[PDB]
Structure formats: C-alpha cells, structure tokens
C-alpha cells in the first residue's frame, strides 16, 4: 500500500440541472448534458470496471447541479476524512450525502463547520508527504488552518492561487515524487512557491496545457503506476508528454463537457484507501 493506492472511490451522478445551472467561471459553448453522462460513465468505468476500485456511486441531486464534482466536498487522508465547507454557497448541501457515504465507509469524520472557513478540495494537493492548499476564491486561511489541524501527521503549506482557479487547475500528482505541472508562468510560479517550503525536492512533469496537468495517478496492484490523463484529442501536446512515461499504464480520459463547467479529472472522485 504505497502512495496513490486506493480501494475505493466515491463518485456521484451529475444532475440534469448541471447543464444550465452548474457554476462556471467562463461562458463557453452550451453543455451537452448527454455527452457529460457518456464521459462521466466512462470515468467511473475506468475507476471500477477497469481498475477494480470499489466504486460508491452517490445518486445525483438535481438541486445540487455540482454534486458530481465530489472532490471539492471532502478530502480523505489515510483513514481520516475531512468534509469541507465549499467556497461556493450553492454547493454547501453536497456535504450531506457525502458525510453519509463516508460514514458508511467507517471513515473518521471531521466536519468543517466554521462559518468563516471555506475550502474546496480542488485547491488541495496531497503529495503523499505533505499538503499544499491553494489560497483562492474558494479557500482561505481558516480552511487550510482547519485542514492542517485535521492532518497533524502531515505538513501543510499554502500557495496563492489567483483568479477563479484552484490549485489543481494546473497540477496534481502524476506519481511518487512526481508533480504534474502546467507551463504557465502563473503555474510555474505557484510551483516554485511550493518547493521552497518543502524539505524534499519533487521531480516535475511539465505540460504545455495547464489544465491537462490535472490528472489521476494510482498504484493499482498487478498494474503498478496508473495515470488517467486527458486524451490526445483534447490536449495532444500535453498527452504526448504523458506518453513518454513508460512505467505508467496510461489511460486517456476525456472531460471536455464537464470542463465546460470547471470540472477536471480529479474533481470527479474521492479516492479512499481502506486497507
């Protein structure tokens, strides 16, 4: 049971209302809810059917157009689960079915209650040795402060995330000591700020497309290193970079439709490691 090892993943059906009410930073083209289902279906298929991860499929709630991006409502570290208080208000009630699910999974629950503390899981990078909470439009001091308190086993440092981005809008773990990072000067700056406050040097996998830096690494047994990345079709110059890693079983995964509403790969699931 090494870094990135999981046995379970929590997912949640996306509601029909996401099509027109899901919060979105940029005004893009219309969201084809149907394709989103297809994409989301395959996404869970990879985690469960293909990687054997026991998947818990929370039902969709129409009133919570963002219930599908479960990673923002909770952060699980080893055996302890931290239900967050989303940076967005209209997303606060997603905690209910999530605390419900983690409870059923016998995880130590620690709820973020503080009326002045916001934290979206998307702003949190668990390198497997420490945490990196992005302070953004969604996450503040108290957020990281409470999270740091919840995981006293690990060092927690905060890094400034500008605009409507989240820390993981440009990075994520692509493996042990491997931090996937975007080329943007803003991306590279955020990164540098990170390692300065660390004791160990992380190897970095730089990708031209900043959002492609968002991916999923997994240490699945009989497989080894697993990395679900954005497909060549969606980001060829970034996909070509992931292609050079021969020690990782590379599984392309499209997310264009949900990306229309700021939803990336990591966003769609919570990975628990129940041993």
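Positions refer to the first chain, counted from 1.
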Subject >> Of 253 to 261 and 20 to 28, the stretch whose C-alpha atoms average the higher B-factor in the entry >> reply: 20 to 28
Subject >> Selected stretch [higher average CA B-factor]: 131 to 139 or 109 to 117 >> reply: 109 to 117
Original post:
Looking at 174, 124, 181, 165, which has the highest CA B-factor as recorded?
Top reply: 165
Original post:
Whose C-alpha has the highest temperature factor in the PDB entry: 212, 228, 47, 33?
Top reply: 33
Original post:
In terms of the CA temperature factor given in the entry, to which third of its chain does residue 87 belong: lowest, middle or highest?
Top reply: middle
**OP:** State the tercile, meaning the lowest, middle or highest third, of residue 70 with respect to the CA B-factors recorded for its chain.
**Re:** lowest
Subject >> Position of residue 169 among the chain's modelled residues by C-alpha B-factor, lowest, middle or highest third >> reply: lowest
**OP:** Please rank the C-alpha B-factors of the chain's modelled residues and tell me whether residue 275 sits in the lowest, middle or highest third.
**Re:** highest
**OP:** Relative to the other modelled residues of the same chain, rank the CA B-factor of residue 222 and answer lowest, middle or highest third.
**Re:** highest
